[PDB]
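What follows is one chain in structure tokens, specifically the form deposited in one PDB entry.
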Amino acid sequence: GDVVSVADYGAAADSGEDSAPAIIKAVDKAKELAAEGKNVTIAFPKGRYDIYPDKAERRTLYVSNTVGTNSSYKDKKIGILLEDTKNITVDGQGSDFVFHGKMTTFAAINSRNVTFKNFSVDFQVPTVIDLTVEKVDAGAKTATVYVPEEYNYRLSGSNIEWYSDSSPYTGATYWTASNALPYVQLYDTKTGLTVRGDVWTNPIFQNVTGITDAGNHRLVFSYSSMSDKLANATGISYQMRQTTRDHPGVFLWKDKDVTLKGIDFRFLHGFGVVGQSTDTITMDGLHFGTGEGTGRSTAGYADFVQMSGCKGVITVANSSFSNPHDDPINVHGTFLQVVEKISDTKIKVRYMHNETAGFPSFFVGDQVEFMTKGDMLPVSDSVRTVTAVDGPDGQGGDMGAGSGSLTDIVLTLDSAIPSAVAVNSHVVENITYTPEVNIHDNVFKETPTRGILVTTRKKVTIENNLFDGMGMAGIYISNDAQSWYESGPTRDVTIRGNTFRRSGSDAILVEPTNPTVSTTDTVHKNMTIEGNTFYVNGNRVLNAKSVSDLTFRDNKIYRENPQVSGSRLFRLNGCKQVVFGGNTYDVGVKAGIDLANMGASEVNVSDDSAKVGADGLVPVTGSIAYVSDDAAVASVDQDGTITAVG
């Protein structure tokens, strides 16, 4: 089909000029051709392109999991915007896109069969400031801090004043900050592990007396007092930032069949890639991670991939994720709480978490289901179809008659709702906007939080991924109408063929946040965890709450560093019909199962070495153990309990 080259609309490769106006003109041309029925490629002759926010498209938008209703951030600048169109591929052809200030890099709204491919994404001055403590001198009370080339600063006594680049149009500085930015997390240059410590206390900026420029991108800080934190800082990168998610990194809203492939995300400001009310998104060969040509380490200001209230198939494939400041992937919807029963067929529901509000979670024709918050179980026979929606449209206007509030949506339903549905005790899930999820052949590393969060009732496959060094659970499946109000329950989860290394916590945590644990129904159903390799070092493999038909089979559990310290490998809390079979365990791990809110009759270990209600410490295999005559023998009984240590 047709090719639209940005060079024909004012944007030369490697020009040092602002390409934002030319890109708008190229997109306008592409949409003209697409409206005639053509398949269009917007091509970027390979090179660097700078994209500034000043003249970029501006839209009022309410974006899941960012800033909720906050009027100070409701307007977004968007570097490349495909709006109300179809059949357009943005082909960077290997170009490097450099964005400026605070803005969204690219976005598609109300569009179908759109693709973004083959470019890198970066910011001139990233809004996460990565400072590495290269050496500390407790005697002189100094610290030598490496400041990457990208950042601009002015020294003023004991103060350092950070600033971005400036607008070419007005000379205004896009942003400034002073000394320690609000949040900091820790990347150990030695181990490659990223963790959250005390995120609100940066030891670089504690008791500073003066700063001097030692040249070659190094500063020397001087301190009145030498705290223990600072004394141990050698080799630690302190990655600091504001936490306001003022823009999504990428926004895919009310689209259908979106593809992102072959994109190198070297830095995303504000948030990650946000899919919202979109049918089918494919993410293939994405690399979230700083390049070779930078001393920076942060690639994400927050999460990498957020798929909120989507449907169709969400695919994440052949991609890598390194150093976000929050979870790499979260696929979820939003529970809204019943706050008024207007009639048997009409209810007002409310966004209860202050970072998710202001956009539609319901359209006419969608199906919804009601849940009781306390046990997080569905109301029997509570599926209804939406026949009218009055509330925010996500752009500052009204759907239907509107609701008068960015947090409230009035729904009319096709028949009377169950009489038990009441204000505050019940929430509503849009069950039409639940996606199938296929996350396979990816690499997750340098992550302080969880690896993957996924909560959908459709088919979930998490397969052949490597999780290396997740600071919290590798995979986390919740379902929550307590703090986060993220739906929904799972019905078909397969976790297969993954490897878990250097787990900072449980490898797999299933923890819906219901305070009431039902002993007769479960929140989640039909979960299979098979063929995985778990390297363990004192944390659990599986900690699962309120799952029925849970199978853990044919996995391999190895000690990472090959009376007994560490947790039993397994914990089950209010589960039903649990089956263990065919797993292999290294000698010396606690292949045992802690039980909460349930008895042993619901756990079948007849085909496995794991022990219910005991340590299950795995002894040497066979009837004869070969032991050095200078080593001690710990005798292990048939439940995996040590009886004596010589």
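Only residues modelled in both forms are compared. Residues carry their position along the shown sequence, with the first being 1. The term rigid core refers to the maximal set of C-alpha atoms that superpose within 1.5 Å between the two forms.
There is another form of this protein, the form deposited in another entry, and it is not shown here; the text below is about that form.
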When you overlay the rigid core, is the Cα of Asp639 off by 2 Å or more between the shown form and the other one? yes
After fitting the rigid core, is the C-alpha of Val620 off by 2 Å or more between the shown form and the other one? yes
Shifted regions of at least three residues between the shown form and the other one, judged by C-alpha displacement of 2 Å or more after core alignment: 563-565, 620-646
